[PDB]
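Data block for query-v2.cif (mmCIF, N, CA and C atoms and all ligand atoms):
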data_query
#
loop_
_atom_site.group_PDB
_atom_site.id
_atom_site.type_symbol
_atom_site.label_atom_id
_atom_site.label_comp_id
_atom_site.auth_asym_id
_atom_site.auth_seq_id
_atom_site.Cartn_x
_atom_site.Cartn_y
_atom_site.Cartn_z
ATOM 1 N N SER F 881 120.784 117.970 63.335
ATOM 2 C CA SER F 881 121.954 117.187 63.707
ATOM 3 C C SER F 881 122.791 117.913 64.749
ATOM 4 N N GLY F 882 123.013 119.197 64.552
ATOM 5 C CA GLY F 882 123.765 120.003 65.508
ATOM 6 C C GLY F 882 125.241 120.067 65.142
ATOM 7 N N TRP F 883 126.099 119.673 66.083
ATOM 8 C CA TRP F 883 127.538 119.685 65.870
ATOM 9 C C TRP F 883 128.036 118.461 65.122
ATOM 10 N N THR F 884 127.179 117.468 64.909
ATOM 11 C CA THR F 884 127.633 116.174 64.429
ATOM 12 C C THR F 884 128.049 116.180 62.964
ATOM 13 N N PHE F 885 127.601 117.151 62.166
ATOM 14 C CA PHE F 885 127.841 117.028 60.735
ATOM 15 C C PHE F 885 129.197 117.565 60.319
ATOM 16 N N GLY F 886 129.955 118.160 61.234
ATOM 17 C CA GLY F 886 131.307 118.567 60.903
ATOM 18 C C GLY F 886 132.308 117.436 60.864
ATOM 19 N N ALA F 887 131.875 116.227 61.217
ATOM 20 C CA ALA F 887 132.724 115.047 61.231
ATOM 21 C C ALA F 887 132.323 114.013 60.193
ATOM 22 N N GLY F 888 131.174 114.176 59.544
ATOM 23 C CA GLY F 888 130.690 113.165 58.625
ATOM 24 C C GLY F 888 129.185 113.143 58.457
ATOM 25 N N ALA F 889 128.572 111.990 58.712
ATOM 26 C CA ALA F 889 127.137 111.823 58.521
ATOM 27 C C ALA F 889 126.353 112.612 59.564
ATOM 28 N N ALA F 890 125.386 113.400 59.100
ATOM 29 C CA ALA F 890 124.532 114.167 59.994
ATOM 30 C C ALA F 890 123.380 113.300 60.480
ATOM 31 N N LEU F 891 123.130 113.324 61.787
ATOM 32 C CA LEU F 891 122.154 112.450 62.428
ATOM 33 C C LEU F 891 120.899 113.235 62.784
ATOM 34 N N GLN F 892 119.742 112.695 62.421
ATOM 35 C CA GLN F 892 118.482 113.369 62.705
ATOM 36 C C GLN F 892 118.215 113.360 64.204
ATOM 37 N N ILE F 893 118.040 114.546 64.780
ATOM 38 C CA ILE F 893 117.756 114.722 66.204
ATOM 39 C C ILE F 893 116.899 115.975 66.360
ATOM 40 N N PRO F 894 115.853 115.963 67.181
ATOM 41 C CA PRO F 894 115.053 117.179 67.362
ATOM 42 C C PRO F 894 115.858 118.292 68.017
ATOM 43 N N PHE F 895 115.442 119.528 67.726
ATOM 44 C CA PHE F 895 116.176 120.704 68.184
ATOM 45 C C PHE F 895 116.211 120.787 69.705
ATOM 46 N N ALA F 896 115.075 120.521 70.359
ATOM 47 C CA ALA F 896 115.015 120.625 71.814
ATOM 48 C C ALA F 896 116.049 119.731 72.481
ATOM 49 N N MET F 897 116.431 118.634 71.823
ATOM 50 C CA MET F 897 117.571 117.851 72.284
ATOM 51 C C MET F 897 118.873 118.630 72.162
ATOM 52 N N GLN F 898 119.060 119.362 71.060
ATOM 53 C CA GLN F 898 120.376 119.917 70.766
ATOM 54 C C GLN F 898 120.857 120.881 71.841
ATOM 55 N N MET F 899 120.186 122.022 72.008
ATOM 56 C CA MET F 899 120.687 122.989 72.977
ATOM 57 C C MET F 899 120.559 122.485 74.405
ATOM 58 N N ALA F 900 119.724 121.473 74.646
ATOM 59 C CA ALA F 900 119.710 120.826 75.950
ATOM 60 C C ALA F 900 121.040 120.156 76.241
ATOM 61 N N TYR F 901 121.768 119.771 75.197
ATOM 62 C CA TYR F 901 123.131 119.289 75.372
ATOM 63 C C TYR F 901 124.117 120.430 75.606
ATOM 64 N N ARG F 902 123.890 121.601 74.999
ATOM 65 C CA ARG F 902 124.757 122.745 75.268
ATOM 66 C C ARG F 902 124.632 123.238 76.704
ATOM 67 N N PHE F 903 123.508 122.962 77.375
ATOM 68 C CA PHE F 903 123.462 123.152 78.823
ATOM 69 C C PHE F 903 124.467 122.249 79.519
ATOM 70 N N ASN F 904 124.601 121.006 79.056
ATOM 71 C CA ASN F 904 125.632 120.134 79.596
ATOM 72 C C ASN F 904 127.032 120.636 79.281
ATOM 73 N N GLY F 905 127.163 121.598 78.377
ATOM 74 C CA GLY F 905 128.425 122.217 78.046
ATOM 75 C C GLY F 905 128.781 123.454 78.843
ATOM 76 N N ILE F 906 128.033 123.778 79.898
ATOM 77 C CA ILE F 906 128.385 124.899 80.765
ATOM 78 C C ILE F 906 128.425 124.444 82.215
ATOM 79 N N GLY F 907 127.696 123.378 82.536
ATOM 80 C CA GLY F 907 127.748 122.839 83.880
ATOM 81 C C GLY F 907 126.414 122.510 84.525
ATOM 82 N N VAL F 908 125.318 122.610 83.775
ATOM 83 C CA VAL F 908 123.988 122.293 84.281
ATOM 84 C C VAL F 908 123.343 121.281 83.346
ATOM 85 N N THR F 909 122.708 120.265 83.919
ATOM 86 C CA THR F 909 122.110 119.205 83.116
ATOM 87 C C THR F 909 120.820 119.718 82.475
ATOM 88 N N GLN F 910 120.038 118.795 81.919
ATOM 89 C CA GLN F 910 118.815 119.141 81.207
ATOM 90 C C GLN F 910 117.763 119.715 82.145
ATOM 91 N N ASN F 911 117.996 119.610 83.453
ATOM 92 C CA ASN F 911 116.998 120.053 84.418
ATOM 93 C C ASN F 911 116.679 121.532 84.269
ATOM 94 N N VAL F 912 117.626 122.333 83.781
ATOM 95 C CA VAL F 912 117.357 123.758 83.602
ATOM 96 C C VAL F 912 116.335 123.970 82.492
ATOM 97 N N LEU F 913 116.511 123.280 81.364
ATOM 98 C CA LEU F 913 115.698 123.535 80.178
ATOM 99 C C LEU F 913 114.282 122.983 80.281
ATOM 100 N N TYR F 914 114.154 121.657 80.362
ATOM 101 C CA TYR F 914 112.841 121.029 80.267
ATOM 102 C C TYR F 914 111.935 121.438 81.416
ATOM 103 N N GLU F 915 112.506 121.696 82.589
ATOM 104 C CA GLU F 915 111.704 122.224 83.679
ATOM 105 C C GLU F 915 111.243 123.647 83.413
ATOM 106 N N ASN F 916 111.796 124.312 82.394
ATOM 107 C CA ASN F 916 111.359 125.650 82.021
ATOM 108 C C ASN F 916 111.315 125.825 80.507
ATOM 109 N N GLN F 917 110.999 124.756 79.767
ATOM 110 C CA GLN F 917 111.100 124.806 78.311
ATOM 111 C C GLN F 917 110.194 125.877 77.719
ATOM 112 N N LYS F 918 108.976 126.013 78.246
ATOM 113 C CA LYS F 918 108.038 126.985 77.694
ATOM 114 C C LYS F 918 108.603 128.399 77.750
ATOM 115 N N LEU F 919 109.072 128.822 78.925
ATOM 116 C CA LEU F 919 109.601 130.175 79.062
ATOM 117 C C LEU F 919 110.983 130.311 78.433
ATOM 118 N N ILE F 920 111.868 129.337 78.671
ATOM 119 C CA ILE F 920 113.252 129.457 78.217
ATOM 120 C C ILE F 920 113.308 129.533 76.699
ATOM 121 N N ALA F 921 112.581 128.642 76.023
ATOM 122 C CA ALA F 921 112.539 128.678 74.568
ATOM 123 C C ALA F 921 111.790 129.894 74.043
ATOM 124 N N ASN F 922 110.941 130.513 74.863
ATOM 125 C CA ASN F 922 110.230 131.704 74.417
ATOM 126 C C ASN F 922 111.115 132.945 74.426
ATOM 127 N N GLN F 923 112.091 133.012 75.334
ATOM 128 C CA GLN F 923 112.938 134.198 75.406
ATOM 129 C C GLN F 923 113.769 134.366 74.143
ATOM 130 N N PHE F 924 114.332 133.271 73.623
ATOM 131 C CA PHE F 924 115.104 133.373 72.390
ATOM 132 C C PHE F 924 114.237 133.866 71.243
ATOM 133 N N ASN F 925 112.943 133.541 71.268
ATOM 134 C CA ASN F 925 112.035 134.072 70.258
ATOM 135 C C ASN F 925 111.975 135.593 70.322
ATOM 136 N N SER F 926 111.895 136.156 71.528
ATOM 137 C CA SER F 926 111.856 137.607 71.664
ATOM 138 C C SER F 926 113.225 138.243 71.463
ATOM 139 N N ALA F 927 114.299 137.540 71.830
ATOM 140 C CA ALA F 927 115.637 138.103 71.695
ATOM 141 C C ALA F 927 115.986 138.386 70.243
ATOM 142 N N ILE F 928 115.405 137.631 69.310
ATOM 143 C CA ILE F 928 115.698 137.837 67.897
ATOM 144 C C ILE F 928 114.981 139.055 67.329
ATOM 145 N N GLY F 929 113.893 139.500 67.960
ATOM 146 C CA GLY F 929 113.121 140.597 67.397
ATOM 147 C C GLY F 929 113.873 141.915 67.402
ATOM 148 N N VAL L 1125 105.347 119.242 83.801
ATOM 149 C CA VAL L 1125 105.699 120.493 83.137
ATOM 150 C C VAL L 1125 106.574 120.195 81.927
ATOM 151 N N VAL L 1126 107.342 119.111 82.007
ATOM 152 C CA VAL L 1126 108.248 118.744 80.927
ATOM 153 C C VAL L 1126 107.457 118.344 79.688
ATOM 154 N N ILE L 1127 108.006 118.666 78.518
ATOM 155 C CA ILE L 1127 107.395 118.357 77.230
ATOM 156 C C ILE L 1127 108.178 117.229 76.574
ATOM 157 N N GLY L 1128 107.459 116.277 75.979
ATOM 158 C CA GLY L 1128 108.079 115.148 75.325
ATOM 159 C C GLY L 1128 108.292 113.942 76.209
ATOM 160 N N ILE L 1129 108.016 114.058 77.508
ATOM 161 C CA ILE L 1129 108.151 112.914 78.393
ATOM 162 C C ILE L 1129 107.159 111.831 77.981
ATOM 163 N N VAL L 1130 107.566 110.578 78.152
ATOM 164 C CA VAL L 1130 106.692 109.440 77.917
ATOM 165 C C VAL L 1130 106.670 108.586 79.175
ATOM 166 N N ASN L 1131 105.550 107.900 79.388
ATOM 167 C CA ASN L 1131 105.431 107.043 80.557
ATOM 168 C C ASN L 1131 106.326 105.821 80.392
ATOM 169 N N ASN L 1132 107.190 105.596 81.378
ATOM 170 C CA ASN L 1132 108.070 104.438 81.389
ATOM 171 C C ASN L 1132 108.363 104.067 82.834
ATOM 172 N N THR L 1133 108.475 102.767 83.082
ATOM 173 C CA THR L 1133 108.720 102.248 84.420
ATOM 174 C C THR L 1133 110.210 102.280 84.732
ATOM 175 N N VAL L 1134 110.533 102.463 86.008
ATOM 176 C CA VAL L 1134 111.913 102.503 86.479
ATOM 177 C C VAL L 1134 112.157 101.269 87.333
ATOM 178 N N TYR L 1135 113.181 100.501 86.977
ATOM 179 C CA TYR L 1135 113.543 99.317 87.737
ATOM 180 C C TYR L 1135 114.396 99.691 88.942
ATOM 181 N N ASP L 1136 114.283 98.880 89.993
ATOM 182 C CA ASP L 1136 115.015 99.104 91.230
ATOM 183 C C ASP L 1136 116.219 98.180 91.280
ATOM 184 N N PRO L 1137 117.443 98.704 91.382
ATOM 185 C CA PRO L 1137 118.600 97.818 91.592
ATOM 186 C C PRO L 1137 118.534 97.047 92.898
ATOM 187 N N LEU L 1138 117.735 97.505 93.864
ATOM 188 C CA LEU L 1138 117.533 96.765 95.101
ATOM 189 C C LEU L 1138 116.538 95.620 94.936
ATOM 190 N N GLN L 1139 115.755 95.623 93.857
ATOM 191 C CA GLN L 1139 114.781 94.555 93.634
ATOM 192 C C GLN L 1139 115.416 93.172 93.514
ATOM 193 N N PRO L 1140 116.494 92.964 92.746
ATOM 194 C CA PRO L 1140 117.101 91.622 92.708
ATOM 195 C C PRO L 1140 117.662 91.169 94.042
ATOM 196 N N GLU L 1141 117.886 92.085 94.983
ATOM 197 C CA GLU L 1141 118.416 91.736 96.293
ATOM 198 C C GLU L 1141 117.355 91.194 97.241
ATOM 199 N N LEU L 1142 116.082 91.180 96.836
ATOM 200 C CA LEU L 1142 115.004 90.713 97.693
ATOM 201 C C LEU L 1142 114.159 89.598 97.092
ATOM 202 N N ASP L 1143 114.195 89.399 95.772
ATOM 203 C CA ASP L 1143 113.372 88.359 95.160
ATOM 204 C C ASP L 1143 113.852 86.960 95.529
ATOM 205 N N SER L 1144 115.147 86.795 95.783
ATOM 206 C CA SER L 1144 115.718 85.488 96.079
ATOM 207 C C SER L 1144 115.582 85.095 97.544
ATOM 208 N N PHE L 1145 114.981 85.947 98.375
ATOM 209 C CA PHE L 1145 114.852 85.679 99.799
ATOM 210 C C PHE L 1145 113.466 85.210 100.214
ATOM 211 N N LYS L 1146 112.428 85.512 99.430
ATOM 212 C CA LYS L 1146 111.070 85.159 99.831
ATOM 213 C C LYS L 1146 110.801 83.669 99.651
ATOM 214 N N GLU L 1147 111.409 83.054 98.634
ATOM 215 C CA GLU L 1147 111.131 81.650 98.340
ATOM 216 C C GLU L 1147 111.600 80.738 99.467
ATOM 217 N N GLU L 1148 112.760 81.036 100.056
ATOM 218 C CA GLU L 1148 113.327 80.156 101.076
ATOM 219 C C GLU L 1148 112.433 80.071 102.308
ATOM 220 N N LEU L 1149 111.895 81.203 102.757
ATOM 221 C CA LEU L 1149 111.126 81.249 103.993
ATOM 222 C C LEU L 1149 109.684 80.785 103.833
ATOM 223 N N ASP L 1150 109.196 80.629 102.600
ATOM 224 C CA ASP L 1150 107.812 80.210 102.405
ATOM 225 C C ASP L 1150 107.600 78.751 102.793
ATOM 226 N N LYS L 1151 108.614 77.904 102.598
ATOM 227 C CA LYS L 1151 108.471 76.484 102.911
ATOM 228 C C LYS L 1151 108.276 76.255 104.406
ATOM 229 N N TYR L 1152 109.018 76.985 105.244
ATOM 230 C CA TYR L 1152 108.952 76.774 106.686
ATOM 231 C C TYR L 1152 107.583 77.103 107.267
ATOM 232 N N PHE L 1153 106.795 77.937 106.585
ATOM 233 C CA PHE L 1153 105.508 78.358 107.130
ATOM 234 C C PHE L 1153 104.544 77.184 107.258
ATOM 235 N N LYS L 1154 104.519 76.295 106.263
ATOM 236 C CA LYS L 1154 103.604 75.161 106.287
ATOM 237 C C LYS L 1154 104.033 74.072 107.262
ATOM 238 N N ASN L 1155 105.304 74.050 107.661
ATOM 239 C CA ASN L 1155 105.810 73.019 108.558
ATOM 240 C C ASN L 1155 105.494 73.288 110.023
ATOM 241 N N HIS L 1156 105.053 74.498 110.369
ATOM 242 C CA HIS L 1156 104.834 74.869 111.761
ATOM 243 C C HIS L 1156 103.474 75.489 112.040
ATOM 244 N N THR L 1157 102.832 76.127 111.059
ATOM 245 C CA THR L 1157 101.556 76.787 111.316
ATOM 246 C C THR L 1157 100.427 75.779 111.494
ATOM 247 N N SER L 1158 100.363 74.767 110.629
ATOM 248 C CA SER L 1158 99.268 73.802 110.702
ATOM 249 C C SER L 1158 99.231 73.005 112.003
ATOM 250 N N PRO L 1159 100.346 72.466 112.537
ATOM 251 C CA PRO L 1159 100.159 71.709 113.779
ATOM 252 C C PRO L 1159 99.957 72.610 114.995
HETATM 253 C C1 LIG F 1201 101.345 106.964 82.250
HETATM 254 O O1 LIG F 1201 100.848 106.479 81.034
HETATM 255 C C2 LIG F 1201 99.470 106.831 80.842
HETATM 256 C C3 LIG F 1201 99.016 106.107 79.596
HETATM 257 O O2 LIG F 1201 98.478 104.829 79.907
HETATM 258 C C4 LIG F 1201 99.310 108.355 80.769
HETATM 259 O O3 LIG F 1201 97.925 108.675 80.852
HETATM 260 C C5 LIG F 1201 97.284 109.010 79.593
HETATM 261 O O4 LIG F 1201 98.058 109.897 78.779
HETATM 262 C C6 LIG F 1201 97.437 110.166 77.512
HETATM 263 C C7 LIG F 1201 98.393 111.046 76.740
HETATM 264 O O5 LIG F 1201 97.903 111.332 75.437
HETATM 265 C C8 LIG F 1201 96.056 110.803 77.699
HETATM 266 O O6 LIG F 1201 95.425 110.851 76.424
HETATM 267 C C9 LIG F 1201 94.710 112.086 76.204
HETATM 268 O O7 LIG F 1201 93.500 112.121 76.954
HETATM 269 C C10 LIG F 1201 92.692 113.287 76.725
HETATM 270 C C11 LIG F 1201 91.529 113.263 77.702
HETATM 271 O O8 LIG F 1201 90.690 112.164 77.370
HETATM 272 C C12 LIG F 1201 92.239 113.263 75.265
HETATM 273 O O9 LIG F 1201 91.395 114.374 75.007
HETATM 274 C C13 LIG F 1201 93.468 113.315 74.355
HETATM 275 O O10 LIG F 1201 93.059 113.275 72.992
HETATM 276 C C14 LIG F 1201 94.452 112.186 74.679
HETATM 277 O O11 LIG F 1201 93.868 110.988 74.193
HETATM 278 C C15 LIG F 1201 95.192 109.987 78.656
HETATM 279 O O12 LIG F 1201 94.009 110.707 78.986
HETATM 280 C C16 LIG F 1201 95.954 109.670 79.935
HETATM 281 N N1 LIG F 1201 95.159 108.827 80.813
HETATM 282 C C17 LIG F 1201 94.925 109.125 82.095
HETATM 283 C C18 LIG F 1201 94.084 108.144 82.856
HETATM 284 O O13 LIG F 1201 95.372 110.141 82.618
HETATM 285 C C19 LIG F 1201 99.993 109.048 81.944
HETATM 286 O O14 LIG F 1201 100.087 110.446 81.692
HETATM 287 C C20 LIG F 1201 101.390 108.487 82.211
HETATM 288 N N2 LIG F 1201 101.914 109.014 83.459
HETATM 289 C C21 LIG F 1201 103.207 109.279 83.660
HETATM 290 C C22 LIG F 1201 103.563 109.812 85.013
HETATM 291 O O15 LIG F 1201 104.052 109.098 82.789
HETATM 292 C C1 LIG F 1202 109.669 69.927 108.681
HETATM 293 O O1 LIG F 1202 109.463 69.485 110.030
HETATM 294 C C2 LIG F 1202 109.899 68.137 110.267
HETATM 295 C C3 LIG F 1202 109.524 67.803 111.693
HETATM 296 O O2 LIG F 1202 110.323 66.745 112.204
HETATM 297 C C4 LIG F 1202 111.397 68.021 110.002
HETATM 298 O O3 LIG F 1202 111.798 66.667 110.169
HETATM 299 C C5 LIG F 1202 111.721 68.492 108.590
HETATM 300 O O4 LIG F 1202 113.131 68.503 108.393
HETATM 301 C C6 LIG F 1202 111.162 69.892 108.352
HETATM 302 N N1 LIG F 1202 111.404 70.312 106.981
HETATM 303 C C7 LIG F 1202 112.525 70.927 106.592
HETATM 304 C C8 LIG F 1202 112.606 71.289 105.141
HETATM 305 O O5 LIG F 1202 113.433 71.180 107.377
#
Encoded form using structure tokens:
Amino acid sequence: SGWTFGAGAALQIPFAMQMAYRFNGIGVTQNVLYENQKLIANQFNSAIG
Amino acid sequence: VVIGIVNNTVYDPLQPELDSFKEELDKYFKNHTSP
């Protein structure tokens, strides 16, 4: 759901949608993520190690 | 490269501006080409 459940009913949405919206929260549309989803989503995997 | 994309058609907002123009000119063709 993401940020939606702090107001009430939580809505089912895939994760790749969620942080793709947080890109819209800094000033760049989804073009940054999906055009680089393989690498971009892989870095967070290594950052946690 | 994008993941999750699905094939979908994109409509043209300019398309309705041209569909209403072809019908009018089709009638005149038969009135002058044959003779
Ligand atoms: C436009 O839509 C067409 C669908 O009519 C897309 O082409 C087809 O996409 C499917 C996606 O699953 C391909 O199916 C896969 O084919 C492989 C190879 O045979 C098979 O091993 C898989 O199990 C799966 O069935 C299909 O092959 C493909 N057809 C062709 C002719 O490429 C197309 O990608 C869409 N294009 C755009 C720009 O959205
Ligand atoms: C077709 O040509 C004839 C020739 O005299 C004319 O009278 C008629 O008005 C034309 N048709 C149209 C729709 O203008």
- prompt: Any idea what's packed within 7 Å of residue F:917, counting only N, CA and C atoms, ignoring anything in its chain fewer than 4 positions away? Could you give it as a ChimeraX atom specification?
  reply: /F:912-913,921-922 /L:1125-1127
Box in all listed atoms of ligand LIG 1202 (chain F), axis-aligned, with 5 Å more on each side; write out centre and edge lengths in Å to one decimal as AutoDock Vina command-line options.
--center_x 111.4 --center_y 69.0 --center_z 108.7 --size_x 14.0 --size_y 14.6 --size_z 17.1
task: Run the PyMOL selection byres (((not hetatm) and name CA) within 12 of (chain F and resi 1201)) mentally over the shown coordinates, then write out the matched residues as a PyMOL selection string, using the chain letters and numbers from the document.
output: chain L and resi 1125-1134
task: Using atom CA of residue L:1156 and atom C1 of ligand LIG 1202 (chain F) as the two end points, give the distance in Å to one decimal.
output: 7.6 Å
When you look at stretch 897-901 of chain F with a cut-off of 7 Å (counting all atoms listed in the file), what residues show up, excluding the ones that are within fewer than 4 positions of it in the same chain? I need them as an mmCIF file with N, CA and C atoms, in the coordinates of the input.
data_model
loop_
_atom_site.group_PDB
_atom_site.id
_atom_site.type_symbol
_atom_site.label_atom_id
_atom_site.label_comp_id
_atom_site.auth_asym_id
_atom_site.auth_seq_id
_atom_site.Cartn_x
_atom_site.Cartn_y
_atom_site.Cartn_z
ATOM 1 N N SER F 881 120.784 117.970 63.335
ATOM 2 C CA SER F 881 121.954 117.187 63.707
ATOM 3 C C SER F 881 122.791 117.913 64.749
ATOM 4 N N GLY F 882 123.013 119.197 64.552
ATOM 5 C CA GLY F 882 123.765 120.003 65.508
ATOM 6 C C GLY F 882 125.241 120.067 65.142
ATOM 7 N N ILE F 893 118.040 114.546 64.780
ATOM 8 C CA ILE F 893 117.756 114.722 66.204
ATOM 9 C C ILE F 893 116.899 115.975 66.360
ATOM 10 N N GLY F 905 127.163 121.598 78.377
ATOM 11 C CA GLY F 905 128.425 122.217 78.046
ATOM 12 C C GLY F 905 128.781 123.454 78.843
ATOM 13 N N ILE F 906 128.033 123.778 79.898
ATOM 14 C CA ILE F 906 128.385 124.899 80.765
ATOM 15 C C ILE F 906 128.425 124.444 82.215
ATOM 16 N N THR F 909 122.708 120.265 83.919
ATOM 17 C CA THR F 909 122.110 119.205 83.116
ATOM 18 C C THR F 909 120.820 119.718 82.475
ATOM 19 N N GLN F 910 120.038 118.795 81.919
ATOM 20 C CA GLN F 910 118.815 119.141 81.207
ATOM 21 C C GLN F 910 117.763 119.715 82.145
ATOM 22 N N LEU F 913 116.511 123.280 81.364
ATOM 23 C CA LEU F 913 115.698 123.535 80.178
ATOM 24 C C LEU F 913 114.282 122.983 80.281
#
message: Hey, which residues sit close to ligand LIG 1202 (chain F)? Say within 7 Å, counting all atoms listed in the file, and write them as a PyMOL selection string.
response: chain L and resi 1151-1152+1155-1156
task: Select residues of chain F: the criterion is any atom within 7 Å of an atom of chain L, counting only N, CA and C atoms; output as a PyMOL selection string.
output: chain F and resi 914-917
- request: Taking the DSSP assignment computed from this structure's backbone, write out as a PyMOL selection string all residues of chain F that belong to alpha helix (DSSP H).
  value: chain F and resi 895-903+911-914+917-927
Can you write just those residues out, N, CA and C atoms, as a PDB file, in the coordinates of the input?
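selection_1.pdb written:
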ATOM      1  N   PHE F 895     115.442 119.528  67.726  1.00  0.00           N
ATOM      2  CA  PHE F 895     116.176 120.704  68.184  1.00  0.00           C
ATOM      3  C   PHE F 895     116.211 120.787  69.705  1.00  0.00           C
ATOM      4  N   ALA F 896     115.075 120.521  70.359  1.00  0.00           N
ATOM      5  CA  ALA F 896     115.015 120.625  71.814  1.00  0.00           C
ATOM      6  C   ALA F 896     116.049 119.731  72.481  1.00  0.00           C
ATOM      7  N   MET F 897     116.431 118.634  71.823  1.00  0.00           N
ATOM      8  CA  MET F 897     117.571 117.851  72.284  1.00  0.00           C
ATOM      9  C   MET F 897     118.873 118.630  72.162  1.00  0.00           C
ATOM     10  N   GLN F 898     119.060 119.362  71.060  1.00  0.00           N
ATOM     11  CA  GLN F 898     120.376 119.917  70.766  1.00  0.00           C
ATOM     12  C   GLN F 898     120.857 120.881  71.841  1.00  0.00           C
ATOM     13  N   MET F 899     120.186 122.022  72.008  1.00  0.00           N
ATOM     14  CA  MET F 899     120.687 122.989  72.977  1.00  0.00           C
ATOM     15  C   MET F 899     120.559 122.485  74.405  1.00  0.00           C
ATOM     16  N   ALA F 900     119.724 121.473  74.646  1.00  0.00           N
ATOM     17  CA  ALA F 900     119.710 120.826  75.950  1.00  0.00           C
ATOM     18  C   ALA F 900     121.040 120.156  76.241  1.00  0.00           C
ATOM     19  N   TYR F 901     121.768 119.771  75.197  1.00  0.00           N
ATOM     20  CA  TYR F 901     123.131 119.289  75.372  1.00  0.00           C
ATOM     21  C   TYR F 901     124.117 120.430  75.606  1.00  0.00           C
ATOM     22  N   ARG F 902     123.890 121.601  74.999  1.00  0.00           N
ATOM     23  CA  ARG F 902     124.757 122.745  75.268  1.00  0.00           C
ATOM     24  C   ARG F 902     124.632 123.238  76.704  1.00  0.00           C
ATOM     25  N   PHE F 903     123.508 122.962  77.375  1.00  0.00           N
ATOM     26  CA  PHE F 903     123.462 123.152  78.823  1.00  0.00           C
ATOM     27  C   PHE F 903     124.467 122.249  79.519  1.00  0.00           C
ATOM     28  N   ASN F 911     117.996 119.610  83.453  1.00  0.00           N
ATOM     29  CA  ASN F 911     116.998 120.053  84.418  1.00  0.00           C
ATOM     30  C   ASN F 911     116.679 121.532  84.269  1.00  0.00           C
ATOM     31  N   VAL F 912     117.626 122.333  83.781  1.00  0.00           N
ATOM     32  CA  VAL F 912     117.357 123.758  83.602  1.00  0.00           C
ATOM     33  C   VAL F 912     116.335 123.970  82.492  1.00  0.00           C
ATOM     34  N   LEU F 913     116.511 123.280  81.364  1.00  0.00           N
ATOM     35  CA  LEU F 913     115.698 123.535  80.178  1.00  0.00           C
ATOM     36  C   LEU F 913     114.282 122.983  80.281  1.00  0.00           C
ATOM     37  N   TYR F 914     114.154 121.657  80.362  1.00  0.00           N
ATOM     38  CA  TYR F 914     112.841 121.029  80.267  1.00  0.00           C
ATOM     39  C   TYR F 914     111.935 121.438  81.416  1.00  0.00           C
ATOM     40  N   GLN F 917     110.999 124.756  79.767  1.00  0.00           N
ATOM     41  CA  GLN F 917     111.100 124.806  78.311  1.00  0.00           C
ATOM     42  C   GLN F 917     110.194 125.877  77.719  1.00  0.00           C
ATOM     43  N   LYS F 918     108.976 126.013  78.246  1.00  0.00           N
ATOM     44  CA  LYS F 918     108.038 126.985  77.694  1.00  0.00           C
ATOM     45  C   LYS F 918     108.603 128.399  77.750  1.00  0.00           C
ATOM     46  N   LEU F 919     109.072 128.822  78.925  1.00  0.00           N
ATOM     47  CA  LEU F 919     109.601 130.175  79.062  1.00  0.00           C
ATOM     48  C   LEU F 919     110.983 130.311  78.433  1.00  0.00           C
ATOM     49  N   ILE F 920     111.868 129.337  78.671  1.00  0.00           N
ATOM     50  CA  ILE F 920     113.252 129.457  78.217  1.00  0.00           C
ATOM     51  C   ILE F 920     113.308 129.533  76.699  1.00  0.00           C
ATOM     52  N   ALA F 921     112.581 128.642  76.023  1.00  0.00           N
ATOM     53  CA  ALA F 921     112.539 128.678  74.568  1.00  0.00           C
ATOM     54  C   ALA F 921     111.790 129.894  74.043  1.00  0.00           C
ATOM     55  N   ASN F 922     110.941 130.513  74.863  1.00  0.00           N
ATOM     56  CA  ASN F 922     110.230 131.704  74.417  1.00  0.00           C
ATOM     57  C   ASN F 922     111.115 132.945  74.426  1.00  0.00           C
ATOM     58  N   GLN F 923     112.091 133.012  75.334  1.00  0.00           N
ATOM     59  CA  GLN F 923     112.938 134.198  75.406  1.00  0.00           C
ATOM     60  C   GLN F 923     113.769 134.366  74.143  1.00  0.00           C
ATOM     61  N   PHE F 924     114.332 133.271  73.623  1.00  0.00           N
ATOM     62  CA  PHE F 924     115.104 133.373  72.390  1.00  0.00           C
ATOM     63  C   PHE F 924     114.237 133.866  71.243  1.00  0.00           C
ATOM     64  N   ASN F 925     112.943 133.541  71.268  1.00  0.00           N
ATOM     65  CA  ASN F 925     112.035 134.072  70.258  1.00  0.00           C
ATOM     66  C   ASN F 925     111.975 135.593  70.322  1.00  0.00           C
ATOM     67  N   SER F 926     111.895 136.156  71.528  1.00  0.00           N
ATOM     68  CA  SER F 926     111.856 137.607  71.664  1.00  0.00           C
ATOM     69  C   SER F 926     113.225 138.243  71.463  1.00  0.00           C
ATOM     70  N   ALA F 927     114.299 137.540  71.830  1.00  0.00           N
ATOM     71  CA  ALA F 927     115.637 138.103  71.695  1.00  0.00           C
ATOM     72  C   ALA F 927     115.986 138.386  70.243  1.00  0.00           C
TER      73      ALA F 927
END
message: One decimal, in Å: what's the spacing between atom N of residue F:926 and atom C of residue F:896?
response: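 Atom N of residue F:926 sits 17.0 Å away from atom C of residue F:896.
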- line: Correct to one decimal, the distance atom N of residue F:904-atom CA of residue F:884 is 15.7 Å
